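Here the structure comes first, spelled out in structure tokens, and everything after it is commentary.
Protein chains in written order, with the entry's author numbering: chain E, 439 to 500; chain d, 433 to 480.
Okay, here's the thing in structure tokens:
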């Protein structure tokens, strides 16, 4: 069981960016790409609902 | 702290393509070269 509604995407996204800060290597941008790719589904819901995407993801991330 | 600032971040990120293109034409790894551009510029203000 897991609570969806865009929560599963953002909660898996911020941890990947946190791991990249110490697991930099050559694949530092690879984790950042997957972190930004997971957040697109909340932004997709923002477009269909007609809300501001940046304000939505900024509030959820904060 | 505005949406105009978020566009300026992409303005700064997209402007780094010129040394990235130089790395690919020279065969050097772009991330290793661009990582040195970030490491030397906080002290070196110009001519680096």
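Positions of the beta carbon are idealized from the N, C-alpha and C atoms, including for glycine.
The continuous alpha helix (DSSP H) containing residue 474 of chain E extends over residues 466-476.
The straight-line gap separating the alpha-carbon atoms of residue 442 of chain E and residue 468 of chain d is approximately 42 Å. Within the stretch 440-460 of chain d, contact with chain E at the beta-carbon level (separation under 8 Å) is assigned to no residue. Chain order gives no chain E residues near residue 466 of chain d, where near means a beta carbon separation below 7 Å; the closest approach is about 10 Å.
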